[PDB]
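Below, in structure tokens: the form deposited in one PDB entry, a single chain.
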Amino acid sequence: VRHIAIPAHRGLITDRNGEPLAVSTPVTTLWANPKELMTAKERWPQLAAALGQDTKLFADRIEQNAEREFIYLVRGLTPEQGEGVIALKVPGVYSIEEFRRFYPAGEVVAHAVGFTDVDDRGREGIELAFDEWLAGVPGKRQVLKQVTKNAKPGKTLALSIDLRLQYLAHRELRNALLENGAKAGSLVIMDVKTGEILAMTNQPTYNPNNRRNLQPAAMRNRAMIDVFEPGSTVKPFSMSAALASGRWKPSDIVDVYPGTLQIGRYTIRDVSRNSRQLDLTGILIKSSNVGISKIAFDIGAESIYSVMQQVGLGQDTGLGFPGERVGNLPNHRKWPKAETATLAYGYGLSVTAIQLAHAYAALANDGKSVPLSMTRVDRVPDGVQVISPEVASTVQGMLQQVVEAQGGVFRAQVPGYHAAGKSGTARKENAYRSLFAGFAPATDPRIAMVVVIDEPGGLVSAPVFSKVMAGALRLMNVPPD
């Protein structure tokens, strides 16, 4: 008396609307006891041909494994072509009825969903992260040579992803990469109220249904793994600290002439050096490093560091995904002028696109952080007031200006709505990405979005934000403001 395991039916993964994303398909896997196959050697050429395997290679295998009384032959034939071997009716041949995964949306949602190994086990994305929920429990059968235990099936998992926004994201980031001859990219879309990831796309992608001759670059979940210095896209957090210090208001002026600022041996340089007096909105529109450095010297790094930590920058996302990088929000006891400045204009830390989008979500959600979710959120968690509604509101208005105002990013305007956001030029020898981070509608935000384009500056990312946001808001029947 022995025991064979009854494979469990892996739980169905859907998008937030119940569109199937990963499905357990019936297949049949064929084993054999050589000892018994040794008695029908005249059948081998027919068996081999019907397993695709070559005649002499096939007979080599069985002959050497003659001593053994178990080996697989082939895993994962269709049940229909699989019966075609049992239709040969050959002694020594018995069949296991297995499942394997189909991914109906294929490459569109490859990274978010991931895929299973040969054993039907999670290897990437959600498939790994929710392996235990999805796998269920093998059953157990006594083989003589009854059923000890029923197999319990994995449970259905409804992702936060909206496949319509995913299709849109995937298409538009694809277009943009070829339009800009760029190597790679990420686009994250978040529900600012619920912390739901509505879309996550990386280029290059792959077909999880056909992982033959798969490049490791294609498999990289960039949105969750690539870390970079966010540059100007974290200046709104530096400004949130400035406006919470009690020492700054939006109409305050900073003199950024002559576009450089000596701090001892170090020289802070602005990307454009055609300014003297700028208001706090101007500092953002111009992305003046001198502007934001001077404010930071006045309020202290501690206050900036604290806002940045509270919106999740360089923090664990709690998403439990396989390769997730955390980045680095570095701390000091004493913040010298150099480190204070570089933190404030966003070279003093490294983050993932998902972290940036989460931070933008907090700001867009009138300053309330909500934990990230890759699963459909039915009951919104309370989440944390990390920036005051009033400050959040002011910084929203300032970022709407960055998009609208003359001098501003006109290519990020969303036809129909008022959008808010900030471009930046990231640094991963010095690899450079174009970033755009923002939300809409500006006056009543619903959606936060980050666009990353590797080696296409940040006017590159902006038009993508434009077209993807327009679509996402319409698909969500958000009323034009």
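Sequential numbering from 1, following the sequence displayed. In this text, rigid core is short for the largest set of C-alphas that superpose within 1.5 Å between two forms.
Keep in mind that the form deposited in another entry is not shown, yet the notes after this line are about it.
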**Prompt:** Which of 94, 347, 167, 257 has its C-alpha displaced by 2 Å or more between this form and the one not shown after core superposition?
**Reply:** 94
**Request:** Superpose the two forms on their rigid core, then report whether the C-alpha of residue 6 is displaced by 2 angstroms or more between this form and the one not shown.
**Result:** yes
**Asked** residue 378: CA shift of at least 2 Å between this form and the one not shown after core fit?
**Response** no
**Prompt:** Aligning on the rigid core, do we see the C-alpha of residue 84 shift 2 angstroms or more between this form and the one not shown?
**Reply:** yes
